file entry.csv (CSV, C-alpha atoms and all ligand atoms)
chain,number,residue,atom,x,y,z
A,1,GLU,CA,21.5,-10.5,31.9
A,2,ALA,CA,17.8,-11.3,31.9
A,3,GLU,CA,15.4,-8.3,31.6
A,4,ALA,CA,13.9,-7.3,34.9
A,5,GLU,CA,10.3,-7.1,33.7
A,6,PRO,CA,8.7,-9.5,31.2
A,7,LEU,CA,7.0,-8.8,27.9
A,8,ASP,CA,3.3,-7.9,28.0
A,9,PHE,CA,1.1,-8.1,24.9
A,10,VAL,CA,-2.0,-5.8,25.0
A,11,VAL,CA,-4.4,-4.2,22.6
A,12,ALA,CA,-3.5,-0.7,21.5
A,13,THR,CA,-5.5,2.4,22.6
A,14,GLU,CA,-5.3,6.1,21.7
A,15,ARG,CA,-3.2,6.7,24.9
A,16,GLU,CA,-0.2,4.9,23.4
A,17,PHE,CA,-0.2,6.9,20.2
A,18,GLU,CA,2.8,9.0,21.3
A,19,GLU,CA,4.6,5.9,22.6
A,20,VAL,CA,4.1,4.2,19.2
A,21,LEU,CA,5.5,7.3,17.4
A,22,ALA,CA,8.6,7.1,19.6
A,23,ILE,CA,9.5,3.7,18.3
A,24,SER,CA,8.8,4.5,14.6
A,25,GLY,CA,11.8,6.7,13.8
A,26,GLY,CA,12.9,6.6,10.1
A,27,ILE,CA,10.5,3.8,9.1
A,28,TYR,CA,10.2,3.4,5.3
A,29,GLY,CA,12.5,6.4,4.8
A,30,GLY,CA,9.9,8.8,6.1
A,31,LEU,CA,7.1,7.4,4.0
A,32,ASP,CA,5.6,5.7,7.1
A,33,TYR,CA,1.8,5.7,7.1
A,34,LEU,CA,1.2,4.8,10.7
A,35,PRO,CA,1.4,8.4,12.2
A,36,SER,CA,-1.5,9.4,9.9
A,37,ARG,CA,-3.4,6.0,10.3
A,38,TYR,CA,-3.0,4.9,13.9
A,39,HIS,CA,-6.3,6.4,15.1
A,40,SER,CA,-8.3,5.0,12.2
A,41,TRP,CA,-6.8,1.6,12.8
A,42,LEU,CA,-8.4,1.6,16.3
A,43,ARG,CA,-11.8,2.1,14.8
A,44,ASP,CA,-11.7,-0.8,12.3
A,45,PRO,CA,-14.1,-3.5,13.3
A,46,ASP,CA,-12.1,-6.5,12.1
A,47,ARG,CA,-8.7,-5.2,13.1
A,48,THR,CA,-6.6,-5.8,16.3
A,49,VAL,CA,-3.6,-3.6,16.9
A,50,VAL,CA,-1.2,-5.3,19.4
A,51,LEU,CA,1.6,-3.7,21.3
A,52,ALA,CA,4.4,-5.4,23.0
A,53,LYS,CA,5.3,-3.7,26.3
A,54,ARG,CA,8.3,-4.2,28.6
A,55,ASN,CA,7.9,-2.6,32.1
A,56,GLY,CA,4.9,-0.6,30.8
A,57,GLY,CA,6.8,0.8,27.8
A,58,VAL,CA,5.7,0.1,24.3
A,59,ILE,CA,8.5,-1.5,22.3
A,60,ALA,CA,6.7,-3.1,19.3
A,61,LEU,CA,3.5,-3.1,17.3
A,62,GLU,CA,1.7,-5.4,15.0
A,63,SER,CA,-1.7,-5.2,13.3
A,64,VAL,CA,-3.8,-8.1,12.2
A,65,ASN,CA,-7.0,-7.4,10.1
A,66,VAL,CA,-9.4,-10.1,8.9
A,67,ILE,CA,-10.5,-9.6,5.3
A,68,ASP,CA,-11.6,-11.7,2.2
A,69,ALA,CA,-14.9,-12.6,3.9
A,70,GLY,CA,-13.1,-14.0,7.0
A,71,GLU,CA,-10.6,-16.3,5.2
A,72,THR,CA,-7.5,-14.1,5.3
A,73,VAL,CA,-5.6,-12.1,8.0
A,74,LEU,CA,-3.4,-9.3,6.7
A,75,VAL,CA,-0.3,-8.5,8.8
A,76,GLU,CA,0.6,-4.8,8.8
A,77,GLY,CA,2.9,-2.3,10.5
A,78,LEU,CA,5.2,-4.8,12.2
A,79,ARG,CA,7.8,-2.8,14.0
A,80,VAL,CA,10.2,-3.0,17.0
A,81,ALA,CA,11.9,-0.1,18.7
A,82,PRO,CA,15.4,0.4,17.4
A,83,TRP,CA,16.8,-0.1,20.9
A,84,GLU,CA,15.0,-3.5,21.2
A,85,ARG,CA,15.8,-5.0,17.9
A,86,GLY,CA,17.7,-8.2,17.3
A,87,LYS,CA,16.4,-9.9,20.5
A,88,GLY,CA,13.6,-11.8,18.8
A,89,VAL,CA,10.9,-9.4,19.9
A,90,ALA,CA,9.3,-9.2,16.5
A,91,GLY,CA,9.2,-13.0,16.5
A,92,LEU,CA,7.5,-13.2,19.9
A,93,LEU,CA,5.0,-10.5,18.9
A,94,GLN,CA,4.3,-12.4,15.6
A,95,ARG,CA,3.6,-15.6,17.6
A,96,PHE,CA,1.2,-13.9,20.1
A,97,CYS,CA,-0.7,-12.4,17.2
A,98,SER,CA,-0.9,-15.7,15.3
A,99,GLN,CA,-2.4,-17.4,18.3
A,100,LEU,CA,-4.9,-14.5,18.8
A,101,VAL,CA,-6.1,-14.8,15.2
A,102,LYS,CA,-6.4,-18.6,15.5
A,103,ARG,CA,-8.4,-18.1,18.7
A,104,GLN,CA,-10.7,-15.3,17.8
A,105,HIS,CA,-11.0,-16.0,14.0
A,106,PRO,CA,-11.2,-19.8,13.5
A,107,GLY,CA,-12.2,-19.2,9.9
A,108,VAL,CA,-9.0,-17.6,8.8
A,109,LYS,CA,-7.1,-20.0,6.5
A,110,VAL,CA,-4.1,-17.9,5.3
A,111,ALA,CA,-2.0,-15.0,6.4
A,112,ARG,CA,-0.9,-12.3,3.9
A,113,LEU,CA,1.5,-9.5,3.8
A,114,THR,CA,3.3,-7.1,1.4
A,115,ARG,CA,7.0,-6.1,1.5
A,116,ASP,CA,9.6,-4.4,-0.5
A,117,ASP,CA,12.7,-6.2,0.8
A,118,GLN,CA,14.5,-9.0,-1.1
A,119,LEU,CA,12.8,-12.3,-0.6
A,120,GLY,CA,15.5,-14.5,0.9
A,121,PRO,CA,15.5,-18.3,0.9
A,122,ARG,CA,13.7,-18.3,4.3
A,123,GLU,CA,10.8,-16.3,2.7
A,124,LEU,CA,10.6,-18.7,-0.2
A,125,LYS,CA,10.2,-21.6,2.3
A,126,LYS,CA,7.6,-20.2,4.6
A,127,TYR,CA,5.6,-18.1,2.1
A,128,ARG,CA,4.0,-18.4,-1.3
A,129,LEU,CA,4.5,-15.5,-3.7
A,130,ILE,CA,1.1,-14.6,-5.0
A,131,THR,CA,2.4,-11.8,-7.3
A,132,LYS,CA,4.8,-8.9,-7.4
A,133,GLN,CA,4.8,-5.4,-8.8
A,134,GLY,CA,7.5,-2.9,-9.7
A,135,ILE,CA,7.9,0.2,-7.6
A,136,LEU,CA,8.5,3.6,-9.0
A,137,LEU,CA,9.0,6.4,-6.5
A,138,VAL,CA,9.2,10.1,-7.6
A,139,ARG,CA,9.0,13.4,-5.8
A,140,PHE,CA,7.7,16.8,-6.8
A,141,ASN,CA,6.3,20.1,-5.5
A,142,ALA,CA,2.6,20.1,-6.3
A,143,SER,CA,2.5,23.8,-7.2
A,144,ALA,CA,5.6,23.6,-9.4
A,145,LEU,CA,4.2,20.6,-11.2
A,146,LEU,CA,0.9,22.4,-12.0
A,147,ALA,CA,2.6,25.6,-13.1
A,148,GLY,CA,4.6,23.7,-15.7
A,149,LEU,CA,2.6,20.7,-16.9
A,150,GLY,CA,0.7,22.5,-19.6
A,151,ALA,CA,3.9,23.6,-21.3
A,152,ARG,CA,5.5,20.2,-20.7
A,153,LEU,CA,2.6,18.2,-22.3
A,154,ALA,CA,2.4,20.7,-25.1
A,155,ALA,CA,6.0,20.2,-26.0
A,156,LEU,CA,5.4,16.4,-26.0
A,157,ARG,CA,2.4,16.9,-28.4
A,158,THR,CA,4.4,18.9,-30.9
A,159,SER,CA,7.6,17.1,-30.4
A,160,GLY,CA,5.8,13.9,-31.3
A,161,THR,CA,7.2,12.4,-28.1
A,162,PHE,CA,3.9,11.8,-26.4
A,163,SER,CA,0.2,12.7,-26.6
A,164,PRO,CA,-2.2,11.5,-23.8
A,165,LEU,CA,-4.3,8.6,-25.0
A,166,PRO,CA,-8.0,8.6,-24.2
A,167,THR,CA,-9.2,7.2,-20.9
A,168,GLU,CA,-12.6,6.4,-19.5
A,169,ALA,CA,-14.2,7.3,-16.1
A,170,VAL,CA,-14.9,4.8,-13.4
A,171,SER,CA,-17.6,5.5,-10.8
A,172,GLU,CA,-17.9,3.3,-7.7
A,173,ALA,CA,-21.3,4.8,-7.0
A,174,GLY,CA,-22.3,4.2,-10.6
A,175,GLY,CA,-21.4,0.5,-10.4
A,176,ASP,CA,-18.4,0.6,-12.7
A,177,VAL,CA,-15.9,-0.6,-10.1
A,178,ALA,CA,-17.9,-3.7,-9.4
A,179,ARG,CA,-18.4,-4.5,-13.1
A,180,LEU,CA,-14.6,-4.3,-13.6
A,181,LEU,CA,-13.2,-6.1,-10.6
A,182,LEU,CA,-15.8,-8.9,-10.4
A,183,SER,CA,-15.2,-9.7,-14.0
A,184,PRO,CA,-13.4,-13.1,-14.2
A,185,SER,CA,-11.5,-12.0,-17.3
A,186,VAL,CA,-10.3,-8.7,-15.6
A,187,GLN,CA,-9.2,-10.8,-12.6
A,188,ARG,CA,-7.2,-13.1,-14.9
A,189,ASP,CA,-5.7,-10.7,-17.4
A,190,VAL,CA,-5.4,-7.3,-15.6
A,191,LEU,CA,-5.1,-7.8,-11.9
A,192,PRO,CA,-1.6,-8.9,-10.6
A,193,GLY,CA,-2.1,-12.5,-9.6
A,194,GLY,CA,-5.9,-12.0,-9.6
A,195,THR,CA,-5.5,-9.6,-6.6
A,196,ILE,CA,-6.3,-6.0,-5.9
A,197,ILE,CA,-3.3,-4.3,-4.3
A,198,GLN,CA,-4.3,-0.9,-2.9
A,199,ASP,CA,-1.7,1.1,-1.0
A,200,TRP,CA,0.2,-2.2,-0.1
A,201,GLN,CA,-3.0,-3.9,1.1
A,202,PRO,CA,-4.2,-7.0,-0.8
A,203,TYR,CA,-7.8,-7.8,-1.4
A,204,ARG,CA,-9.4,-10.8,-3.1
A,205,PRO,CA,-11.7,-9.4,-5.8
A,206,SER,CA,-15.1,-9.9,-4.1
A,207,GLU,CA,-18.1,-7.8,-3.3
A,208,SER,CA,-17.3,-8.0,0.4
A,209,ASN,CA,-13.9,-6.5,-0.1
A,210,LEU,CA,-15.4,-4.0,-2.6
A,211,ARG,CA,-17.5,-2.6,0.3
A,212,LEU,CA,-14.2,-2.1,2.3
A,213,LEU,CA,-12.6,-0.4,-0.7
A,214,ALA,CA,-15.6,1.9,-1.3
A,215,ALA,CA,-15.2,3.6,2.1
A,216,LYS,CA,-11.6,4.8,1.5
A,217,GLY,CA,-12.1,7.6,-1.0
A,218,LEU,CA,-10.2,5.9,-3.8
A,219,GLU,CA,-10.2,7.2,-7.4
A,220,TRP,CA,-10.2,4.8,-10.4
A,221,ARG,CA,-9.3,5.1,-14.0
A,222,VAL,CA,-9.5,2.6,-16.9
A,223,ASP,CA,-8.6,2.5,-20.6
A,224,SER,CA,-12.0,1.1,-21.7
A,225,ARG,CA,-14.9,0.0,-19.5
A,226,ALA,CA,-16.0,-2.3,-22.4
A,227,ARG,CA,-12.6,-3.7,-23.2
A,228,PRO,CA,-10.6,-3.3,-19.9
A,229,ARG,CA,-6.9,-3.8,-20.3
A,230,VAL,CA,-5.3,-1.2,-17.9
A,231,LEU,CA,-6.9,-0.2,-14.6
A,232,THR,CA,-5.3,2.3,-12.3
A,233,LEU,CA,-6.1,3.2,-8.6
A,234,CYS,CA,-5.2,6.2,-6.6
A,235,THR,CA,-5.3,6.3,-2.8
A,236,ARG,CA,-6.1,9.6,-1.2
A,237,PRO,CA,-2.9,11.4,-0.2
A,238,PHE,CA,-2.1,11.5,3.5
A,239,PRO,CA,0.7,13.1,5.6
A,240,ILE,CA,4.0,11.4,6.2
A,241,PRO,CA,6.9,12.4,8.5
A,242,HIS,CA,9.3,12.8,5.6
A,243,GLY,CA,11.1,16.2,5.6
A,244,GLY,CA,10.2,16.9,9.2
A,245,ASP,CA,8.4,20.1,8.2
A,246,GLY,CA,5.0,18.4,7.8
A,247,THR,CA,4.6,19.5,4.2
A,248,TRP,CA,5.0,16.1,2.6
A,249,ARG,CA,2.2,13.8,1.4
A,250,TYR,CA,2.2,10.2,0.1
A,251,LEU,CA,0.3,9.7,-3.2
A,252,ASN,CA,-0.1,6.0,-3.9
A,253,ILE,CA,-1.1,4.8,-7.4
A,254,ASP,CA,-1.5,1.1,-8.2
A,255,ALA,CA,-1.5,0.2,-11.9
A,256,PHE,CA,-3.0,-3.1,-13.2
A,257,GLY,CA,-2.2,-4.0,-16.8
A,258,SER,CA,0.4,-4.5,-19.5
A,259,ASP,CA,-0.1,-1.5,-21.8
A,260,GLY,CA,2.5,1.0,-20.8
A,261,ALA,CA,1.0,3.8,-22.9
A,262,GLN,CA,-2.3,3.5,-20.9
A,263,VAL,CA,-0.4,3.5,-17.6
A,264,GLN,CA,1.2,6.7,-18.7
A,265,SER,CA,-2.0,8.4,-19.8
A,266,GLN,CA,-3.8,7.2,-16.6
A,267,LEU,CA,-0.9,8.2,-14.3
A,268,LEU,CA,-1.2,11.7,-15.9
A,269,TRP,CA,-4.9,11.8,-15.3
A,270,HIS,CA,-4.5,11.0,-11.6
A,271,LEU,CA,-1.7,13.6,-11.2
A,272,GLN,CA,-3.9,16.3,-12.8
A,273,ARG,CA,-6.7,15.1,-10.5
A,274,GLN,CA,-4.8,15.1,-7.2
A,275,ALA,CA,-2.2,17.9,-7.5
A,276,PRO,CA,-4.7,20.8,-7.1
A,277,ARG,CA,-5.6,19.4,-3.7
A,278,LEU,CA,-1.9,19.4,-2.8
A,279,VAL,CA,-1.1,23.0,-3.6
A,280,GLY,CA,1.6,24.2,-1.2
A,281,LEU,CA,2.7,20.7,-0.3
A,282,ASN,CA,5.4,18.3,-1.4
A,283,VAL,CA,4.5,14.8,-2.7
A,284,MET,CA,6.1,11.4,-2.7
A,285,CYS,CA,4.4,9.6,-5.6
A,286,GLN,CA,4.9,5.8,-5.6
A,287,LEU,CA,3.6,3.9,-8.7
A,288,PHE,CA,3.2,0.2,-8.6
A,289,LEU,CA,3.0,-1.5,-12.0
A,290,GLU,CA,4.0,-4.6,-13.9
A,291,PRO,CA,7.8,-5.0,-13.7
A,292,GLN,CA,8.3,-4.9,-17.5
A,293,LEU,CA,6.6,-1.4,-17.7
A,294,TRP,CA,9.0,0.2,-15.1
A,295,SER,CA,11.7,1.6,-17.4
A,296,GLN,CA,9.1,3.1,-19.7
A,297,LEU,CA,7.3,4.9,-16.9
A,298,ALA,CA,10.4,6.0,-15.1
A,299,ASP,CA,11.6,7.7,-18.3
A,300,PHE,CA,8.1,9.2,-18.8
A,301,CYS,CA,8.2,10.6,-15.3
A,302,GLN,CA,11.7,11.8,-15.6
A,303,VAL,CA,12.1,13.1,-19.1
A,304,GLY,CA,8.4,13.7,-19.9
A,305,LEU,CA,7.0,15.1,-16.7
A,306,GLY,CA,10.2,16.6,-15.3
A,307,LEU,CA,9.8,14.5,-12.1
A,308,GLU,CA,12.7,13.4,-9.9
A,309,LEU,CA,13.4,9.7,-9.3
A,310,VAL,CA,13.8,9.1,-5.6
A,311,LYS,CA,15.4,5.7,-5.9
A,312,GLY,CA,16.1,2.9,-8.4
A,313,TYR,CA,14.0,-0.2,-9.2
A,314,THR,CA,12.5,-2.1,-6.3
A,315,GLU,CA,9.7,-4.6,-6.1
A,316,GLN,CA,6.5,-5.1,-4.0
A,317,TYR,CA,6.0,-8.7,-3.0
A,318,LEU,CA,2.6,-10.2,-2.0
A,319,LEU,CA,3.2,-13.2,0.2
A,320,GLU,CA,0.9,-15.8,1.6
A,321,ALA,CA,1.3,-18.5,4.2
A,322,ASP,CA,-1.2,-21.0,5.7
A,323,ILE,CA,-2.4,-20.7,9.3
A,324,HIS,CA,-1.5,-23.7,11.5
A,325,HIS,CA,-4.3,-24.4,13.9
B,1,LIG,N1,7.9,1.2,2.1
B,1,LIG,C1,7.5,0.0,2.5
B,1,LIG,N2,8.4,-1.0,2.7
B,1,LIG,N3,6.2,-0.2,2.8
B,1,LIG,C2,5.6,-1.5,3.2
B,1,LIG,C3,4.2,-1.4,3.6
B,1,LIG,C4,3.6,-2.8,3.9
B,1,LIG,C5,4.0,-3.3,5.2
B,1,LIG,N4,3.9,-4.8,5.3
B,1,LIG,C6,3.2,-2.7,6.4
B,1,LIG,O1,2.1,-3.1,6.6
B,1,LIG,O2,3.7,-1.9,7.1
call {"tool": "encode", "arguments": {"input": "entry.csv", "output": "structure tokens", "more": "lines below"}}
Ligand SMILES: NC(=[NH2+])NCCC[C@H](N)C(=O)O
result
Amino acid sequence: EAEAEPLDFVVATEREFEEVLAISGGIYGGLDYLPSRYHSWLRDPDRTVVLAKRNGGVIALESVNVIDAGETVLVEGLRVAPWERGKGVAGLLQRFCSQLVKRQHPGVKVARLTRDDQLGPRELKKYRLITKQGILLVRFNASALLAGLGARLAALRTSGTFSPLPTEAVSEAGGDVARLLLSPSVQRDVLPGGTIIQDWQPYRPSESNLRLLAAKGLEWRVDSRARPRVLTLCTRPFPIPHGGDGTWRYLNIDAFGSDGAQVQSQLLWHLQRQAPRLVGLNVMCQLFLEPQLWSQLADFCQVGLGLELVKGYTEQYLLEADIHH
């Protein structure tokens, strides 16, 4: 029962946007970023979005983007249509893209990717684990959160439960981001495996990548610019298909450091910064933090901030594998 027409690998364009959506049903439980990101991906100068087509119909997608000053290729968004899964399509698409990178980007030495699924033996054999972070996913209505937070945080103050610790501002334009991330000691003691993870995307801490990060509208927060120990990072919210009513946004916060109290205070700062912009909308807030801090922050979010836990503990894995020219 051979397929009548063969597989054709071609670079994605804006015309296939609706075809790509048709194969993306239920991806990441409705937290899929590609609906909101597909068009920007096409404008990225170091990125190649590859579609697998059978008889002219899109059935799979993979993106490869060269970062880390040309030494790394990040693999994102790998997906196959539900009705084409289990036939090795994702494997064939992976091989086409690996050859493309080796051909166009001879300087790439490693491939990198992030994932939340359990790392089976296969993974451990083909990939090195650079680092891993815990994942805390909560949901809330922005308006309801704002209307009740003052009372919530006042109770904590008087209750003696919690009082927000001081935090310090971080300005990219002012040069604070560079002075933090280019610090060898911050890279060693703060960053997970010496790596910046921003909305599932890993970057080596380098000026070249800092330029990429600066163009995304990220917001930073730190415990002390002089004595940095906890550094948090918020990605600008964007729409996700969850809910089907178009009201849901994905708020990604990456937390680097081992002081749980500072991760709490800095998470609260980001929430008070971002929720006003989300009035009238619903938010899926995913916090990535050191695994040992998870229970502390899940409680804080649940009991302290009246937030709803969407799912139990899971982990984000940063994987790396060499490129075999
Ligand atoms: N909820 C998740 N599992 N998100 C995974 C995002 C990262 C994934 N490797 C991608 O580029 O699509």
call {"tool": "closest_residue", "arguments": {"input": "entry.csv", "among": "A:35, A:6, A:260, A:82", "to": "residue 239 in chain A", "atoms": "all atoms listed in the file"}}
result
A:35
call {"tool": "closest_residue", "arguments": {"input": "entry.csv", "among": "A:188, A:273, A:311, A:325", "to": "ligand LIG 1 (chain B)", "atoms": "all atoms listed in the file"}}
result
A:311
call {"tool": "closest_residue", "arguments": {"input": "entry.csv", "among": "A:240, A:213, A:155, A:301", "to": "ligand LIG 1 (chain B)", "atoms": "all atoms listed in the file"}}
result
A:240
call {"tool": "residues_near_ligand", "arguments": {"input": "entry.csv", "ligand": "ligand LIG 1 (chain B)", "cutoff": "10 Å", "atoms": "all atoms listed in the file", "output": "ChimeraX atom specification"}}
result
/A:27-34,62-64,74-79,112-117,135,199-201,286,314-319
call {"tool": "closest_residue", "arguments": {"input": "entry.csv", "among": "A:165, A:22, A:309, A:81", "to": "residue 60 in chain A", "atoms": "all atoms listed in the file"}}
result
A:81
call {"tool": "residues_near_point", "arguments": {"input": "entry.csv", "point": "(-2.8, 13.9, -0.7)", "cutoff": "6 Å", "atoms": "all atoms listed in the file", "output": "VMD selection string"}}
result
chain A and resid 236 to 238 249 251 278
call {"tool": "closest_residue", "arguments": {"input": "entry.csv", "among": "A:181, A:39, A:2, A:70", "to": "residue 17 in chain A", "atoms": "all atoms listed in the file"}}
result
A:39
call {"tool": "residues_near_point", "arguments": {"input": "entry.csv", "point": "(-11.8, -18.8, 5.3)", "cutoff": "6 Å", "atoms": "all atoms listed in the file", "output": "list in words"}}
result
residues 70, 71, 107, 108 and 109 of chain A
call {"tool": "closest_residue", "arguments": {"input": "entry.csv", "among": "A:302, A:167, A:187, A:48", "to": "residue 266 in chain A", "atoms": "all atoms listed in the file"}}
result
A:167
call {"tool": "residues_around", "arguments": {"input": "entry.csv", "residues": "range 169-171 of chain A", "least_positions_apart": "2", "cutoff": "12 Å", "atoms": "only C-alpha atoms", "output": "PyMOL selection string"}}
result
chain A and resi 166-167+173-181+214+217-226+228+231-234+266+269-270
call {"tool": "atom_distance", "arguments": {"input": "entry.csv", "atom1": "CA of residue 227 in chain A", "atom2": "CA of residue 172 in chain A"}}
result
17.8 Å
call {"tool": "atom_distance", "arguments": {"input": "entry.csv", "atom1": "CA of residue 129 in chain A", "atom2": "CA of residue 256 in chain A"}}
result
17.3 Å
call {"tool": "atom_distance", "arguments": {"input": "entry.csv", "atom1": "CA of residue 289 in chain A", "atom2": "CA of residue 143 in chain A"}}
result
25.8 Å
call {"tool": "residues_around", "arguments": {"input": "entry.csv", "residues": "residue 299 in chain A", "least_positions_apart": "2", "cutoff": "12 Å", "atoms": "all atoms listed in the file", "output": "list in words"}}
result
residues 136, 138, 161, 162, 260, 264, 293, 294, 295, 296, 297, 301, 302, 303, 304, 305, 306, 307, 308, 309 and 312 of chain A
call {"tool": "residues_around", "arguments": {"input": "entry.csv", "residues": "residue 46 in chain A", "least_positions_apart": "6", "cutoff": "9 Å", "atoms": "all atoms listed in the file", "output": "list in words"}}
result
residues 64, 65, 66 and 67 of chain A
call {"tool": "decode", "arguments": {"input": "entry.csv", "residues": "range 281-304 of chain A", "atoms": "N, CA and C atoms", "output": "JSON list (two decimals), in the first residue's frame"}}
result
[["chain", "number", "residue", "atom", "x", "y", "z"],
["A", 281, "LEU", "N", -8.83, 39.40, 29.48],
["A", 281, "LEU", "CA", -8.34, 38.17, 28.90],
["A", 281, "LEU", "C", -8.04, 37.15, 29.99],
["A", 282, "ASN", "N", -7.87, 35.90, 29.57],
["A", 282, "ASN", "CA", -7.46, 34.80, 30.44],
["A", 282, "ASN", "C", -6.02, 34.41, 30.13],
["A", 283, "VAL", "N", -5.29, 34.00, 31.16],
["A", 283, "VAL", "CA", -3.85, 33.82, 31.05],
["A", 283, "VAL", "C", -3.45, 32.41, 31.48],
["A", 284, "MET", "N", -2.61, 31.78, 30.68],
["A", 284, "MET", "CA", -1.90, 30.58, 31.10],
["A", 284, "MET", "C", -0.48, 31.02, 31.46],
["A", 285, "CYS", "N", -0.15, 30.99, 32.75],
["A", 285, "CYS", "CA", 1.14, 31.45, 33.25],
["A", 285, "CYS", "C", 2.01, 30.24, 33.57],
["A", 286, "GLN", "N", 3.10, 30.08, 32.83],
["A", 286, "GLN", "CA", 4.02, 28.97, 33.01],
["A", 286, "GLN", "C", 5.34, 29.50, 33.55],
["A", 287, "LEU", "N", 5.71, 29.07, 34.74],
["A", 287, "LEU", "CA", 6.95, 29.48, 35.39],
["A", 287, "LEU", "C", 7.95, 28.33, 35.36],
["A", 288, "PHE", "N", 9.14, 28.60, 34.84],
["A", 288, "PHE", "CA", 10.25, 27.66, 34.84],
["A", 288, "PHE", "C", 11.27, 28.09, 35.89],
["A", 289, "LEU", "N", 11.62, 27.15, 36.77],
["A", 289, "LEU", "CA", 12.47, 27.46, 37.91],
["A", 289, "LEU", "C", 13.24, 26.21, 38.34],
["A", 290, "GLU", "N", 14.24, 26.40, 39.20],
["A", 290, "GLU", "CA", 15.03, 25.27, 39.68],
["A", 290, "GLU", "C", 14.12, 24.22, 40.32],
["A", 291, "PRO", "N", 14.32, 22.94, 40.00],
["A", 291, "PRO", "CA", 13.37, 21.92, 40.47],
["A", 291, "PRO", "C", 13.07, 21.96, 41.96],
["A", 292, "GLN", "N", 14.06, 22.30, 42.79],
["A", 292, "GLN", "CA", 13.84, 22.25, 44.23],
["A", 292, "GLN", "C", 12.92, 23.36, 44.71],
["A", 293, "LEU", "N", 12.75, 24.43, 43.93],
["A", 293, "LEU", "CA", 11.90, 25.55, 44.31],
["A", 293, "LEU", "C", 10.45, 25.35, 43.93],
["A", 294, "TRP", "N", 10.11, 24.25, 43.26],
["A", 294, "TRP", "CA", 8.79, 24.11, 42.65],
["A", 294, "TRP", "C", 7.69, 24.10, 43.70],
["A", 295, "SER", "N", 7.79, 23.21, 44.69],
["A", 295, "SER", "CA", 6.74, 23.08, 45.69],
["A", 295, "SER", "C", 6.50, 24.41, 46.40],
["A", 296, "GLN", "N", 7.58, 25.10, 46.76],
["A", 296, "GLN", "CA", 7.44, 26.41, 47.38],
["A", 296, "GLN", "C", 6.60, 27.35, 46.52],
["A", 297, "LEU", "N", 6.93, 27.45, 45.22],
["A", 297, "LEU", "CA", 6.24, 28.40, 44.36],
["A", 297, "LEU", "C", 4.83, 27.94, 44.00],
["A", 298, "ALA", "N", 4.61, 26.63, 43.86],
["A", 298, "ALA", "CA", 3.26, 26.14, 43.61],
["A", 298, "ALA", "C", 2.34, 26.49, 44.77],
["A", 299, "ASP", "N", 2.81, 26.31, 46.01],
["A", 299, "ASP", "CA", 2.02, 26.71, 47.16],
["A", 299, "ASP", "C", 1.76, 28.22, 47.14],
["A", 300, "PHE", "N", 2.83, 29.01, 47.03],
["A", 300, "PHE", "CA", 2.69, 30.46, 46.92],
["A", 300, "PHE", "C", 1.61, 30.84, 45.92],
["A", 301, "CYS", "N", 1.68, 30.27, 44.71],
["A", 301, "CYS", "CA", 0.70, 30.60, 43.69],
["A", 301, "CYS", "C", -0.69, 30.17, 44.11],
["A", 302, "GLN", "N", -0.81, 28.97, 44.69],
["A", 302, "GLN", "CA", -2.12, 28.43, 45.02],
["A", 302, "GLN", "C", -2.70, 29.09, 46.27],
["A", 303, "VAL", "N", -2.01, 28.98, 47.40],
["A", 303, "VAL", "CA", -2.57, 29.51, 48.65],
["A", 303, "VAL", "C", -2.38, 31.02, 48.71],
["A", 304, "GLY", "N", -1.22, 31.52, 48.29],
["A", 304, "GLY", "CA", -0.93, 32.93, 48.51],
["A", 304, "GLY", "C", -1.66, 33.83, 47.51]]
